[PDB]
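Residues 2 to 332 in PDB author numbering are what the sequence shown lists, from first letter to last. Quick notes on the structure that follows.
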Amino acid sequence: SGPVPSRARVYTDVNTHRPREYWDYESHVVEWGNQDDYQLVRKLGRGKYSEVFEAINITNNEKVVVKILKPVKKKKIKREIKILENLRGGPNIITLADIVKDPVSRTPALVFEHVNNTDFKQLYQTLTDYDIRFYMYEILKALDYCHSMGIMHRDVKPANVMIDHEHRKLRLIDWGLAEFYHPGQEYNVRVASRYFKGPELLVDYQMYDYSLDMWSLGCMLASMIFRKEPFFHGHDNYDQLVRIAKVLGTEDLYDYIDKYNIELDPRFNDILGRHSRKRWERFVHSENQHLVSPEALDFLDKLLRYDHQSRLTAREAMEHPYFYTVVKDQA
Ligand SMILES: O=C1C=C2C[C@]3(O)COc4c(ccc(O)c4O)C3=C2C=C1O
């Protein structure tokens, strides 16, 4: 009657064998920096939860980025802080440089290293085959690191991957949806941007894990080598799963549903319809072919799998021959 349970096939117990203080962010005591070290220069963007500014550290005149956190649950604020501290120093993880507070009002803000990024809507149009391989490898380093440290990012998308292209510099940002993995825990499926949501999320399977990030990465990869961003473009969450089924096919989707004994909304049957699995080669045209290779398609095919347990891990992905030239020239 109920859905079959699942656990991560790698890094399953990394929080289990770490001390309580590592993952119990509720108990963490924050060490506050000095708010008056930073001057805001211009608003960079705003979410539902935060507003983000370019700023200057006036003690050394370095650029930073300041994210002022709206009146939300302190628990959510502490989770992001603990995660950023836990991951600090990891490869291509955005550095949390400081945590400050208006000393009179309650209002906390996170201070990050500045990345002089090129906007992905502009950058992706200009990347070469080698650039994509290089940057995908760099994202994989970050994901393997944070997974190995017991953390799911849960919001992997181009806007959260900052690239200073002239310095070949990449940082994975926005850890505000990130969460500690504990085996058997049922997580909120309302995470990730619509276009990067895994099948587990769209069918309301809550016992997911690190492999969610690997789907999102697969979605990014597709959008880059095929020059179609985003690759799966649904108008809502139901339609998002339909866009996926039109490429991956409905037969493998129903096998997935069957294996985990997942109960699908009645709605879904009529709209999912019946679709053959398409060959990846179908999305190759004159304009994107210089970015596509047999290795790329084989790699992509091993990321975009319905069954979260069958997707490559970050370490397996880094071993794929798609990256041979990158690994070779990084040793
Ligand atoms: O949790 C977050 C959230 C953001 C949002 C945002 O502030 C947007 O834009 C940024 C940036 C960081 C550096 C940077 O150079 C930049 O332009 C961002 C973050 C880093 C994080 O860890």
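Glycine included, every Cβ here is placed at the ideal spot set by N, Cα and C.
Opening and closing residue of the beta strand (DSSP E) in which residue i lies
i	result
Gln40	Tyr39 to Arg47
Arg21	Run containing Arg21: none in the beta strand (DSSP E); it sits in the alpha helix (DSSP H), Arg21 to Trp24.
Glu63	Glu63 to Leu70
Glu114	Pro109 to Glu114
Contacts around residue i, its chain only, beta-carbon distance under 6 Å, and the 5 residues preceding and following it disregarded
i	result
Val53	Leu45, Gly46 and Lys68
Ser212	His309 and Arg312
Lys158	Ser194 and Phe197
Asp145	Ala315 and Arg316
C-beta atoms of residue i and residue j nearer than 8 Å
i	j	result
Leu141	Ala318	yes
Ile272	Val248	no
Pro184	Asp25	no
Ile100	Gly177	no
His115	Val66	yes
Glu288	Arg228	yes
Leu97	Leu111	yes
As assigned by DSSP and simplified to three states, the class of residue i
i	result
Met150	coil
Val328	helix
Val30	coil
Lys158	coil
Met163	strand
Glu52	strand
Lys170	strand
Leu97	strand
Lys102	strand
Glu317	helix
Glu296	helix
residue 335	Because residue 335 is not part of the residues shown, which for the chain are 2 to 332, the question remains open.
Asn16	coil
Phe181	strand
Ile57	strand
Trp281	helix
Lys77	helix
For residue j and residue i, the rounded distance between their alpha carbons
i	j	result
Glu55	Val30	27 Å
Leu173	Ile78	18 Å
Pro6	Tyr261	8 Å
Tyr131	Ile94	22 Å
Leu203	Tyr239	7 Å
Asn161	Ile226	19 Å
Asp165	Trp216	24 Å
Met137	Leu222	8 Å
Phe232	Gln241	11 Å
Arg283	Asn117	36 Å
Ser51	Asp330	39 Å
Neighbourhood of residue i by C-beta distance below 8 Å, restricted to the same chain and skipping five residues each side
i	result
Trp281	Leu298, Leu301 and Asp302
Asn189	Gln207
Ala179	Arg80, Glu81, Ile84, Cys147, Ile152, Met153, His154, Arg155 and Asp156
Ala246	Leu254, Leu273, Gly274 and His276
Residues near residue i by beta carbon distance below 7 Å, same chain, minus five either side
i	result
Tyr323	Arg134, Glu296, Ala297 and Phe300
Start-to-end residues for the alpha helix (DSSP H) that takes in residue i
i	result
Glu264	Where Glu264 is concerned, there is no enclosing alpha helix (DSSP H), given that its DSSP letter is neither H nor E.
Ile226	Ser212 to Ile226
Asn238	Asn238 to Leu249
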